[PDB]
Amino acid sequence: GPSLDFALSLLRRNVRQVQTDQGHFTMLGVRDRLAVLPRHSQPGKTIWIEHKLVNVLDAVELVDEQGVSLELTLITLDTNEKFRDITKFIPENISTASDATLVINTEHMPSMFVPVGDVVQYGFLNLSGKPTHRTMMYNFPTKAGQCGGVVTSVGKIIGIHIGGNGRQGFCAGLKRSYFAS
């Protein structure tokens, strides 16, 4: 229906496969030349995007007003290509959601929808030993190589995946303000 037809729309036009030195991830193109990666993909001065080498100009890693991790990294890629601006779909606030599907697209997991069902909010979350704020939780046994994958329910973009623990998965919650500048 609508909910996956929007996911497709997002698949074709905004979701790219990435490889950093840390592995496979799913990149979101937000607008123009701006993208988001999960902070632990750790993009350096360069990056693979569908196997072509892309140059990485800017790169910020987002934080709490308190200065905590949000495990998210805004990158500014180096092309005449323009990302179709999907910012209007990102909520004003980090919202929970009803029946979310997870759009993932890495070399290994192309065009993959994963039905995580409800996404609820969880907040502080100490995964690796690095803590993280403003995270949300779905009840789904999320696996490696999925990190960065997009969380969409009903035509909204509320999350980039980041952690898991074998039964649940956790996303980095988004709010529009992030992609202000």
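Position 1 is the first residue in the sequence shown; the rest follow in order.
Chemist: Highest mean C-alpha temperature factor of the two stretches 89-97 and 106-114, which is it?
Modeler: If you average the C-alpha B-factors of 106-114 and of 89-97, the larger mean comes out for 89-97.
Chemist: Going by the average Cα B-factor in the PDB entry, point out whether 163-171 or 20-28 comes out higher.
Modeler: So the stretch with the higher mean C-alpha B-factor is 163-171.
Chemist: Per the coordinate record, which of the options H51, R39, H133, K143 holds the highest CA temperature factor?
Modeler: Max CA B-factor in the entry, restricted to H51, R39, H133, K143: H133.
Chemist: Using the temperature factors in the entry, find which of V56, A35, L62, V119 has the highest value at its Cα atom.
Modeler: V56 has the highest C-alpha B-factor of those listed.
Chemist: Among the modelled residues of this chain, does the Cα B factor of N126 put it in the lowest, middle or highest third?
Modeler: It belongs to the highest third of the chain when residues are ordered by C-alpha B-factor.
Chemist: When the deposited Cα B-factors of this chain's modelled residues are ordered and cut into thirds, is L11 in the lowest, the middle or the highest one?
Modeler: Ranked within chain, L11 CA B lands in the highest tercile.
Chemist: When the modelled residues of the chain are sorted by Cα temperature factor, does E81 land in the lowest, middle or highest third?
Modeler: Highest third - that is where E81 ends up once the chain's C-alpha B-factors are sorted.
Chemist: Which third of the chain does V68 land in by C-alpha B-factor: lowest, middle or highest?
Modeler: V68: CA B-factor falls in the highest third of its chain.
Chemist: Within this chain's modelled residues, let me know which third the CA B factor of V154 belongs to: lowest, middle or highest.
Modeler: Ranked within chain, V154 CA B lands in the highest tercile.
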